[PDB]
Amino acid sequence: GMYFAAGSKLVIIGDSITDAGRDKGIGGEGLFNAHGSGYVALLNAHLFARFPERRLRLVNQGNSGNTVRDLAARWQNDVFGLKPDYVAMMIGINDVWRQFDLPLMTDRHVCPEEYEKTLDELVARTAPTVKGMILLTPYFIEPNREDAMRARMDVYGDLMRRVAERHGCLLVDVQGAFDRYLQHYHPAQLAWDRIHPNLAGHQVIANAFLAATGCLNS
Ligand SMILES: [Cl-]
């Protein structure tokens with residue numbers, strides 16, 4: 000990883016896409032199923048196999064169902080309390096998703112304003128204490144750009160972009176990565192619910208991250 004200094008610890012935090020069914024009892028680092036079976040585990044395998052010398056220490060702090068509201072509540076213990084050199088954050092999917100599968104529960108919804116304010120605040124507190132901070136855009140595996148949820152997901156993605164630019168964060172365009180993939184297959188080939196993909200879908204996410212950090216190839 001060119002972007003990452005050698006021997007650095009990277010903490011990746013987010014929802015179930017980050018979680019990927021890890022054993023939370025271990026705390027992100029461990030021997031068996033500490034990273035789950037998603038893109039985080041793919042990143043860890045990729046970096047070890049292609050860059051053994053780089054000695055990168057990856058931590059999975061993904062919690063299923065989480066919004067940016069949930070992230071802020073546990074940020075002290077799950078991010079700062081681990082003393083990371085780098086922090087990668089991917090959040091927004093559930094923030095957007097609840098507005099569509101639970102449209103009547105207004106109280107639950109995270110409005111664009113709250114999403115920006117909270118996301119910007121987490122970054123503002125974390126940016127100086129780390130060597131680098133990576134923001135991975137939320138996505139919707141749906142090529143239809145005028146789909147209510149896809150268009151809404153695009154709103155939150157753009158919002159994450161102007162936060163990354165404002166604090167000099169690295170932005171991984173995961174949505175764009177899926178958009179390139181979807182030129183060849185229907186979303187069903189990746190994810191029935193257009194959110195939780197198979198291993199191939201997680202590889203799309205992982206490869207977007209690696210490319211943005213300049214360690215896709217070796
Ligand atoms: Cl989730």
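Sequential numbering from 0 applies to the sequence shown in the entry's author numbering. Note that beta-carbon positions come from the ideal geometry of N, C-alpha and C, so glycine has one too.
Any non-hydrogen atom of ligand 1 closer than 7 Å to residue i Cβ
i           : result
residue 224 : Any answer about residue 224 is impossible in this case: the structure gives the chain only from 0 up to 217.
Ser-15      : yes
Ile-11      : no
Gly-37      : no
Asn-197     : no
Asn-59      : no
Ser-7       : no
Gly-64      : yes
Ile-140     : no
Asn-93      : yes
Limits of the unbroken alpha helix (DSSP H) element including residue i
i       : result
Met-148 : 147-166
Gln-202 : 198-211
N-terminal and C-terminal residue of the beta strand (DSSP E) that residue i is part of
i       : result
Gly-13  : 8-13
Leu-41  : Run containing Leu-41: none in the beta strand (DSSP E); it sits in the alpha helix (DSSP H), 38-49.
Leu-170 : 169-171
Please specify which runs of the alpha helix (DSSP H), each continuous and at least 4 residues long, are wholly inside the region 79-143, giving them in chain order. Secondary structure within the region 79-143: the alpha helix (DSSP H) runs of 4 or more consecutive residues, fully enclosed, are 92-100, 111-125 (chain order).
Beta strand (DSSP E) runs wholly inside the region 53-82, at least 3 long, in chain order: The region 53-82 contains, as complete beta strand (DSSP E) runs of 3+ residues, the segments 56-61 (chain order).
Below 8 Å, how does it come out for the region 54-72 and the region 8-15: are there three or more Cβ pairs, yes or no? Under the 8 Å Cβ criterion, the region 54-72 counts as touching the region 8-15, having at least three qualifying pairs.
Segment contact, 8 Å Cβ cut-off, at least three pairs: the region 161-170 with the region 117-134: Taking 8 Å as the limit for Cβ pairs, the verdict is that the region 117-134 does touch the region 161-170.
Segment contact flag, the region 19-37 with the region 84-94, C-beta cutoff 8 Å, min 3 pairs: Fewer than three Cβ pairs drawn from the region 19-37 and the region 84-94 lie within less than 8 Å of each other, which leaves the two stretches out of contact.
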